[PDB]
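The next block holds one structure in the form of structure tokens; read it before the comments.
Numbers restart at 1 for each chain; the letters A, B, ... are given by sequence-line order, proteins then strands. Hydrogens, waters and symmetry mates play no part in the numbers below; they use all other heavy atoms, side chains included.
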Amino acid sequence: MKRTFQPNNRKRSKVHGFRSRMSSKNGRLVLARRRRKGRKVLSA
Amino acid sequence: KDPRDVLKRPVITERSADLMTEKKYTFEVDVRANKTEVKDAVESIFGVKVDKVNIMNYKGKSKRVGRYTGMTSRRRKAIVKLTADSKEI
Amino acid sequence: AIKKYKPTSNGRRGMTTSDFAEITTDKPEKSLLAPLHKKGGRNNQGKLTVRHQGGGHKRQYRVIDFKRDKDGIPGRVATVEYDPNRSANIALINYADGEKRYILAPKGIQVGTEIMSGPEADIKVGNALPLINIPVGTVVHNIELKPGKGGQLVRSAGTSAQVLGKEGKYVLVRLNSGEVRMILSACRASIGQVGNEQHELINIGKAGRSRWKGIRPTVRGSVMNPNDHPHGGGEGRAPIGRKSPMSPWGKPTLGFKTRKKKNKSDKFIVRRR
RNA sequence: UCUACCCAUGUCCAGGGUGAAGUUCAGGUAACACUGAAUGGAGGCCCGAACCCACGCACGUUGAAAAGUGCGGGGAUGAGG
RNA sequence: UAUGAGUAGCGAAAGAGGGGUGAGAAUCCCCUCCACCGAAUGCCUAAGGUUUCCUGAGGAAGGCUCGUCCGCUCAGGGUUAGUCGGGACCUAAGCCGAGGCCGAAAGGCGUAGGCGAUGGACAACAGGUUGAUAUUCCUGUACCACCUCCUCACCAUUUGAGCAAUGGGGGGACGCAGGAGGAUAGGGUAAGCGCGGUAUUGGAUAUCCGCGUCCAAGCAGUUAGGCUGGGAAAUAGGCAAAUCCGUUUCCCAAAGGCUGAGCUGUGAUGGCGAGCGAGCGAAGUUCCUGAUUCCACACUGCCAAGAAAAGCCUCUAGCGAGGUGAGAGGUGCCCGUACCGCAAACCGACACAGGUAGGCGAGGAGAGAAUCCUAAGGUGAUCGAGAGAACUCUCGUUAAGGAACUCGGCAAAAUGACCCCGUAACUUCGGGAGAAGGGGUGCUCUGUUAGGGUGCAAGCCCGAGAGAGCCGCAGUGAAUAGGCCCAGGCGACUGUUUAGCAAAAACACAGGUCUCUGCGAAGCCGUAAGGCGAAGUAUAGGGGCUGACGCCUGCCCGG
RNA sequence: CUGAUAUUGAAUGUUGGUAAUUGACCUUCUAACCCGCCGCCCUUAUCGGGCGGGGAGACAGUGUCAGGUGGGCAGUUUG
Ligand SMILES: [K+]
Ligand SMILES: [K+]
Ligand SMILES: [K+]
Ligand SMILES: [K+]
Ligand SMILES: [K+]
Ligand SMILES: [K+]
Ligand SMILES: [K+]
Ligand SMILES: [K+]
Ligand SMILES: [K+]
Ligand SMILES: [K+]
Ligand SMILES: [Mg+2]
Ligand SMILES: [Mg+2]
Ligand SMILES: [Mg+2]
Ligand SMILES: [Mg+2]
Ligand SMILES: [Mg+2]
Ligand SMILES: [Mg+2]
Ligand SMILES: [Mg+2]
Ligand SMILES: [Mg+2]
Ligand SMILES: [Mg+2]
Ligand SMILES: [Mg+2]
Ligand SMILES: [Mg+2]
Ligand SMILES: [Mg+2]
Ligand SMILES: [Mg+2]
Ligand SMILES: [Mg+2]
Ligand SMILES: [Mg+2]
Ligand SMILES: [Mg+2]
Ligand SMILES: [Mg+2]
Ligand SMILES: [Mg+2]
Ligand SMILES: [Mg+2]
Ligand SMILES: [Mg+2]
Ligand SMILES: [Mg+2]
Ligand SMILES: [Mg+2]
Ligand SMILES: [Mg+2]
Ligand SMILES: [Mg+2]
Ligand SMILES: [Mg+2]
Ligand SMILES: [Mg+2]
Ligand SMILES: [Mg+2]
Ligand SMILES: [Mg+2]
Ligand SMILES: [Mg+2]
Ligand SMILES: [Mg+2]
Ligand SMILES: [Mg+2]
Ligand SMILES: [Mg+2]
Ligand SMILES: [Mg+2]
Ligand SMILES: [Mg+2]
Ligand SMILES: [Mg+2]
Ligand SMILES: [Mg+2]
Ligand SMILES: [Mg+2]
Ligand SMILES: [Mg+2]
Ligand SMILES: [Mg+2]
Ligand SMILES: [Mg+2]
Ligand SMILES: [Mg+2]
Ligand SMILES: [Mg+2]
Ligand SMILES: [Mg+2]
Ligand SMILES: [Mg+2]
């Protein structure tokens, strides 16, 4: 059966990657929140 | 930049030793160094004539020492073929 | 003429097609083509704003000369061609000076016919004149509403308007719909009925042929659920079960007039359809 | 990144059958109709693998599997995958 | 931490023995025979994974058992490019978007301009080699762009060679179906040729047995062929200009070009090659068959009418004193390259009966990629040994009967291929129809039949229909391959749907009808800008209801 | 959807209080406003802006206020 996660690194980066996050106010709040929590990984 | 920035160290393996019979010398090089820079640097340092440089990137190997996972450095290996009428390194 | 297919399968039963008798070539003029992607009825937000539009055959756009503004230079009809973008056929005109343009093909027009635009042209099928120059009772098509903008009205296969009278700055024109309307006398029109008059008689025959023309299935409101449509829901089939039949967006949809009250063009509409 | 629909761009569909229009020739008439034969190769056409689907039954039901398997089944040039 | 309990389970599958290793062996290694896949369970390669690859060592945990082994642990090692894929080339959808437009704010929209392959364009092939890479290394033989310390030839220094746009034009440039050709890959080993063998189970020097039986890009030549008619003059057009394109007139009518699979030669005094034993190395032809590939969307037909942009060519505008062509010498960067990739390495929590795009995909019989058995190649499946109870599951058979079973013939059985005969009602004249119901079918000889393909022949290949026989219970002897009929309801039909309890009579549908909409359309999305509608224009577009076709569709406007 | 009022100006008659002054109405004008019309320019631009024509025109659009309609949508009640 086809399961829900079908990996594809281009799609991962385009949807969830650093430049995606930086390209909107709300994506920049995600990065702020993750820096504030002290995550090792801010983005895909 | 200095030529001696380009070449880092010789690769001493069985493979590298076999290539030295064919007049081919294997170096680790600066990961930013293009194969022209390597050719130029080998001629400058050792006073040899270079036929061709082949070059490859190695990824870092994942590694373990006890409970701590990490990663060896990336490496750029150049195989430098000298011309037939040339001094050996 | 209309070619009736034989009932060699249930799909084909009743189906009819153009014979394409008028069409003289299979290959459009490359210099007058432009790309045309489908849109699926989706707007600039990416959202579906018109239902039942989707798929169909790939098409190239043929750039039609709706303006007819090569005044005084004669043009010879070189072809009559199929255009997938519209019901009418189109005619490639070779102008005497080497310019090529497409026009709507009027009923009648033949390869070799000379056409002419401008105020000092004959009232011949395929010519185009300012409406001040067109005699009363002339059947016309491709009528402008604004001088220089290009023909907008009466362009579909077989359509036609008649010039009724002249009021100096304005000319009265009976449109295809039957609406009588004032049009600026400086607005151009093209002479004759639009061709491909048999277009309306085509029996599409099978579901799939509608799909080739970019039409997706229409679902009736009364088989939707109440969250989808005013007619939705009810146990078993249901009648409309409402004061009026309703659109999907809850307006009355049978008789309710939707021309904007306080339209600016109301002064130019003499007799409504 | 599942799925619904859409957009752009690719690609896939073993084999076999049937024989639409048209055309040609012959006949045919004052002209046409019309008839026969050959040709022709239409189709959400037919049979049937791949592929897609999921109709019946059994099995499974702390599963081999949080929807499957087996045996049959449907579509298979299309509103196709 | 118990109980359930030494219980359920140990995840589709063929192994057996001999030898070895070792503290220890059903499980690791080797050998032998056996068995399984083979339009794959083979070969290649995406995505994804990320060192899992190779070597040596190891055995605590992981591995549903074991383990000396391993996709596991520890060490070392391993990925080589001007030409392959991507970038320094092009654009599609879409996305971003200077100014701009719109908006309480945040922002939304959008122009110039960009980004963006799933497409366009674009120079390298054969052989060899490592434990682990190979159009990448090596050998041989090439090609492409660019450069000029040089060489030669030619042309010209301002009516002056040449270069030439970021501009114009051409081109690139396109669908689907069908069939004929031509060719090639592949296949057969038919003939010939070469090497090896002559059997110990009755027979065979034989129509005997086994194995092999070629080769690139490039360069030169040629070609089935396919496309285009061609010259000259004049020009309201192609943002400026064109000696280019478009248009017209006149002249000429088979020429021209433009492409072209492949073939021949060369490449090759080379390579490979049965085998013999790192070396050495024979023959290496012809015939037949033949694509799902190529010529090639070429042709024909069809309607639903089939990207763009660059490279490329040409034209001028320009630039311009040095240029052009051919040698010779030279220059050529970055990223990827291991390994898995129908899988134990990816997605499924698992070494999970599931899912995973693409290329290649042999033989016999066959229409076939079906089917059964095999080839190349791959594999024997990670618990076993017994015993052969009930019961359960999956299979096989079954006396007599034959739907009596049951809600219901559910399940099973039966039918099943090819050729031939024959085939009703009804019908929209197509159908119904494989209706139904019947018959034939092996092998031998006549017989390398008639006849056909190929060929100069020899030969090879295809091949009816007959006659005469022969054998069996049975001849499409296995596998694979419609049960059929009578009548009714519903829906005209092919389609679609409740991913995972409903596939249907539901939805859709072609057709009908009503109604709105005159174009800044109506309708729809959005606060707006901006959009879809539509680069459409009443034969069009939106909405409601009905639902092929046939016959029809009455009365009521009081609410 | 409809009215008032602002943006909103100029004339002409006409007809209501008030014999000379103010409201309402019709028509005309152009100069605001509008143009999803044309030419030119910024400019390699189907955006935008400017300039000139043309169309339309004190209407429309928009702001404020007002009435109507309004299961399209919302919060709830339904002992
Ligand atoms: K039909
Ligand atoms: K419907
Ligand atoms: K209902
Ligand atoms: K098979
Ligand atoms: K080991
Ligand atoms: K490259
Ligand atoms: K080549
Ligand atoms: K050759
Ligand atoms: K590699
Ligand atoms: K349904
Ligand atoms: Mg490299
Ligand atoms: Mg619709
Ligand atoms: Mg429902
Ligand atoms: Mg409702
Ligand atoms: Mg209702
Ligand atoms: Mg009821
Ligand atoms: Mg079919
Ligand atoms: Mg079928
Ligand atoms: Mg099945
Ligand atoms: Mg026990
Ligand atoms: Mg036990
Ligand atoms: Mg118990
Ligand atoms: Mg027990
Ligand atoms: Mg047990
Ligand atoms: Mg097992
Ligand atoms: Mg290994
Ligand atoms: Mg263990
Ligand atoms: Mg490339
Ligand atoms: Mg934007
Ligand atoms: Mg900005
Ligand atoms: Mg690509
Ligand atoms: Mg290439
Ligand atoms: Mg390997
Ligand atoms: Mg590899
Ligand atoms: Mg698996
Ligand atoms: Mg699949
Ligand atoms: Mg086979
Ligand atoms: Mg019995
Ligand atoms: Mg019996
Ligand atoms: Mg009974
Ligand atoms: Mg009973
Ligand atoms: Mg049954
Ligand atoms: Mg049905
Ligand atoms: Mg069906
Ligand atoms: Mg369901
Ligand atoms: Mg489904
Ligand atoms: Mg079901
Ligand atoms: Mg608008
Ligand atoms: Mg638009
Ligand atoms: Mg209905
Ligand atoms: Mg009905
Ligand atoms: Mg009635
Ligand atoms: Mg409510
Ligand atoms: Mg509340």
Side-chain angles (χ1 to χ4, degrees), chain A residues 1-9 11-12 15 25, chain B residues 13-15 34-36 54-56 58-59 61-62 79, chain C residues 3 5-15 17 20 26 30 35-45 47-50 53-54 56-61 72-73 82 84-87 94-100 145-149 152-159 175-177 179 181 184 196-197 199-200 203-213 217 219-223 231 240 245-250 253-259 261-262 264-265 269:
Chain A
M1 301 159 79
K2 190 176 179 61
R3 299 305 189 184
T4 53
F5 185 54
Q6 296 302 319
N8 176 310
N9 296 308
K11 303 224 294 187
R12 183 172 179 74
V15 178
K25 172 276 271 201
Chain B
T13 69
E14 299 93 300
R15 177 58 149 281
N34 75 43
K35 66 165 63 185
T36 316
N54 289 37
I55 203 161
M56 56 188 108
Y58 267 80
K59 300 170 194 182
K61 297 188 88 175
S62 161
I79 304 162
Chain C
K3 177 191 191 305
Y5 290 122
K6 288 191 174 188
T8 53
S9 57
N10 279 351
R12 222 79 195 281
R13 304 181 90 88
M15 181 179 301
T17 176
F20 303 121
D26 58 341
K30 182 180 160 180
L36 193 73
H37 79 95
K38 292 169 282 192
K39 297 182 212 166
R42 289 157 166 89
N43 76 342
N44 55 354
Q45 301 156 337
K47 292 173 62 184
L48 185 150
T49 64
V50 63
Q53 303 205 1
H57 202 293
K58 184 169 170 113
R59 297 175 179 166
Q60 290 276 104
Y61 187 65
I73 303 164
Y82 184 77
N85 306 299
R86 69 223 320 110
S87 61
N94 288 339
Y95 282 100
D97 60 356
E99 187 170 351
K100 300 192 178 201
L145 280 168
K146 292 181 175 172
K149 188 172 169 179
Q152 290 185 269
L153 314 185
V154 190
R155 314 200 311 189
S156 195
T159 58
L175 292 175
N176 188 95
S177 67
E179 178 171 300
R181 188 216 154 73
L184 285 165
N196 194 36
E197 186 179 4
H199 171 79
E200 65 193 351
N203 179 306
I204 280 74
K206 71 175 192 169
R209 186 157 175 229
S210 295
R211 312 303 311 293
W212 306 340
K213 309 164 66 52
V219 175
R220 285 161 301 106
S222 63
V223 295
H231 295 177
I240 297 299
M246 301 301 289
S247 75
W249 304 283
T253 187
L254 201 78
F256 178 72
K257 290 183 172 178
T258 64
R259 183 180 167 74
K261 311 292 98 71
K262 300 183 157 62
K264 294 209 73 172
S265 78
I269 296 169

Does OP1 or OP2 of E:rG533 have a side-chain N or O of C:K39 closer than 4.0 Å?
yes
Does E:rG306 have its OP1 or OP2 closer than 4.0 Å to a side-chain nitrogen or oxygen of C:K58?
no
How is C:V50 classified with respect to the nucleic acid when contacts are heavy atoms under 4.0 Å: base, sugar-phosphate, or nothing?
base
Close side-chain approach of C:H231 and C:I240, heavy atoms under 4.5 Å
yes
Pairing between E:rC101 and E:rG108, Watson-Crick or G-U, 3.5 angstrom cut-off on both
yes
Roughly, in whole Å, what's the span from CG in C:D97 to P in E:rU235?
14 Å
Pairing nucleotide - E:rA326, Watson-Crick or G-U, each distance under 3.5 Å:
E:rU151
On a heavy-atom basis, the closest approach of C:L184 and C:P147 is CD1-CD, 3.7 Å
So is E:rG329 sitting in a Watson-Crick or G-U wobble pair with E:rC552, both distances under 3.5 Å?
no
When you measure from the side-chain N and O atoms of C:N85 to the phosphate of E:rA305, is any distance below 4.0 Å, counting only OP1 and OP2?
no
To the nearest Å, how far apart are B:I79 CD1 and E:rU337 P?
15 Å
P atom, E:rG119 versus E:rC263: distance in rounded Å?
30 Å
RNA chain D nearest-nucleotide lookup for C:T8 and C:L36: closer to the 5′ end is C:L36
Do the side-chain N or O atoms of B:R15 get closer than 4.0 angstrom to the phosphate oxygens (OP1, OP2) of E:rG77?
no
Whole-Å gap separating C1' (D:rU1) and CD (A:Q6):
7 Å
Looking at E:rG511, does its base get a donor-acceptor pair with the side chain of C:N203 below 3.5 Å?
no
Pairing status of E:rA61 with E:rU50 is requested, where a pair means Watson-Crick or G-U wobble geometry with both distances under 3.5 Å.
no
Could one point to a donor on the side chain of A:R3 or the base of D:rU1 with an acceptor on the other under 3.5 Å away?
no
On the nucleotide E:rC519, are OP1 or OP2 found under 4.0 Å from the side-chain N or O atoms that C:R259 carries?
yes
Would you say the side chain of C:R220 and the base of E:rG547 hold a donor-acceptor pair, judged only by whether the two atoms sit under 3.5 Å apart?
yes
C:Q53 side chain N/O closer than 4.0 Å to the phosphate oxygens (OP1, OP2) of E:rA534?
yes
What is the separation between atom CD on C:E200 and atom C1' on E:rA540, rounded to the nearest whole Å?
12 Å
For RNA chain D, what string of dots and brackets results from 5' to 3' when Watson-Crick and G-U pairs need both distances under 3.5 Å, crossing pairs get [ ], and pairs with another strand get |?
..........(((.((((...((((((......))))))...)|)))...(((.(((((........))))))))..).))
Considering only the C1' atoms, how many Å lie between E:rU201 and E:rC66, rounded to the nearest integer?
47 Å
May I ask you to verify whether the side chain of C:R155 and the base of E:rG536 hold a donor-acceptor pair under 3.5 Å?
no
Record whether the side chain of C:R13 comes under 3.5 Å of the base of E:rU428 through a donor-acceptor pair of N or O atoms.
yes
May I ask you to verify if any side-chain N or O of C:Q152 is less than 4.0 angstrom from the OP1 or OP2 atom of E:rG520?
yes
Report yes if a side-chain nitrogen or oxygen of B:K35 is closer than 4.0 Å to either non-bridging phosphate oxygen (OP1 or OP2) of E:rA81; otherwise report no.
yes
Rounded to whole angstroms, how far apart are CD on C:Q60 and P on E:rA535?
13 Å
Looking at D:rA79, E:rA304, E:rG171, which one has an atom nearest to any side-chain atom of C:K206?
D:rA79
E:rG77 base / B:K61 side chain donor-acceptor hit below 3.5 Å:
yes
For RNA chain E, whose closest nucleotide is more 5', that of C:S87 or that of C:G98?
C:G98
Looking only at side-chain N and O atoms, does C:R86 come under 4.0 Å of OP1 or OP2 in E:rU537?
yes
Within less than 4.0 Å of OP1 or OP2 of D:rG44, is there a side-chain N or O belonging to C:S9?
yes
Give me the distance, rounded to whole Å, that separates E:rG15 from E:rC34 when you measure between the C1' atoms they each carry.
7 Å
Interatomic distance at P, E:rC421 relative to D:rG19, whole Å:
15 Å
Any side-chain heavy-atom pair from C:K206 and C:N10 closer than 4.5 angstrom?
no
Rounded distance in Å - CG (C:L175) to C1' (E:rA521)
13 Å
Under the 3.5 Å rule, do the base of E:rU51 and the side chain of B:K59 count as making a donor-acceptor pair?
yes
Quick note, C:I240 side chain, CB onward, closest among E:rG526, D:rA8, E:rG544 is E:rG544
Measuring only the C1' atom in each nucleotide, how far is D:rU24 from D:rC52? A whole number of Å is fine.
44 Å
Taking only the side-chain nitrogens and oxygens of C:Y95, find out if one of them lies under 4.0 Å from OP1 or OP2 of E:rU248.
no
Think C:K262 has a side-chain N or O under 4.0 angstrom from the OP1 or OP2 of F:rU2?
yes
Between C:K146 (NZ) and F:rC38 (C1'), how many Å, whole number?
11 Å
Interatomic distance at P, E:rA369 relative to E:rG361, whole Å
11 Å
Which residue lies toward the 5' end of RNA chain E, B:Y58 or B:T36, if each is placed at its nearest nucleotide?
B:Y58
Does A:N9 place a side-chain N or O at less than 4.0 Å from the phosphate oxygens OP1/OP2 of E:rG48?
yes
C1' atoms of E:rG543 and E:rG246, separation to the nearest Å:
49 Å
Establish whether E:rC115 and E:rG94 are paired, applying the Watson-Crick or G-U wobble definition with both distances under 3.5 Å.
yes
If you go through the side-chain atoms of C:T49, does one of them form a donor-acceptor pair with the base of E:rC532 closer than 3.5 Å?
yes
Does C:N43 contact E:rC525 through a side-chain donor or acceptor facing the base, at a distance under 3.5 Å?
yes
Looking at C:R42 and D:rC5, is any side-chain donor or acceptor paired with a base atom of the opposite kind under 3.5 Å?
yes
In whole angstroms, how far is the P atom of F:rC34 from the NZ atom of C:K264?
11 Å
Give a yes or no on whether a donor-acceptor pair under 3.5 Å exists between the nucleobase atoms of E:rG518, that is its base, and the side chain of C:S177.
yes
Kindly say whether E:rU394 and E:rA236 qualify as a Watson-Crick or G-U pair under the rule that both distances are below 3.5 angstrom.
no
